[PDB]
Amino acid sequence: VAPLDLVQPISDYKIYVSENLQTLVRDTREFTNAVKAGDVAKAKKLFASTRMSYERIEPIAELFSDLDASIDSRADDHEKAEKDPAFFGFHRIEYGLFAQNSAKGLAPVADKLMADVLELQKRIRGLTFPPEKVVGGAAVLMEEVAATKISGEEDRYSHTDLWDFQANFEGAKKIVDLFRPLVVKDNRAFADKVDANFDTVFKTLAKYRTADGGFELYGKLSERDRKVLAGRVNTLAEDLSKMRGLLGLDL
């Protein structure tokens, strides 16, 4: 595996991240002004959809730790939970729109979210992507889904976790797809296994679609379902970690 063969998947990945960041800015803009307009109903329907682009690019969340916490921290990440006035980002807006059914005082929160998402796009715009951060970061994200998100920690008020899970998996599959030509050269069997493992997980999530094609609220997933999902997602984390090694990225 020549390191030069890595440049082109990475350049392709940055384009993928860039376009998703474009969607996020656009969507966050439509999301915030809706919150600032006081329309709770419209903003609630835009919550998961806006966050989709963010959840897709989280395999490189390590490269913007500061922003990730400002944008996507949960209440349990703060000493005084929801009440904490230093609690900003999506899940603070989420608490307002979904738990208390009101947009009260979310104006500075929405503007902060906008600025952060803009700073995020800018930061990543001038960021070069180490392939080990991309592949390795994808592995960690999968483990985070299975081991830290599996009870619905991410969306405790909207319970739209399945949308986020789907986006996380999509974001990780993109990385797998891009690096496949390199992997399949000396590890075709493993490459096919990784694809099959993602197919298994996507199909698992597909069970929880609704009649109109949406997702069920995460509370509908039983304990047995969650434990099964976590195990299959762990396989994805395992795959991506081994993939890093096979790409020669351990040096």
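Residue numbers run from 1 along the displayed sequence.
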Mean Cα B-factor check, 168-176 vs 87-95, entry values; winner is 87-95
Between 138-146 and 104-112, the record assigns the higher mean Cα B factor to 104-112
In this crystal structure's PDB entry, the residue among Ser49, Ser65, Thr200, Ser222 with the greatest CA B factor is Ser65
Scanning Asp77, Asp72, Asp155, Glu132 for peak Cα temperature factor in the entry gives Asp77
For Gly248, the third of its chain by CA B-factor is the middle
Assert third(CA B-factor, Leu205) within chain per record equals lowest
Of the three thirds of Cα B-factor ranks in this chain, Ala211 occupies the middle
Among the modelled residues of its chain, the C-alpha B-factor of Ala81 falls in the third labelled highest
Among the modelled residues of its chain, the C-alpha B-factor of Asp192 falls in the third labelled middle
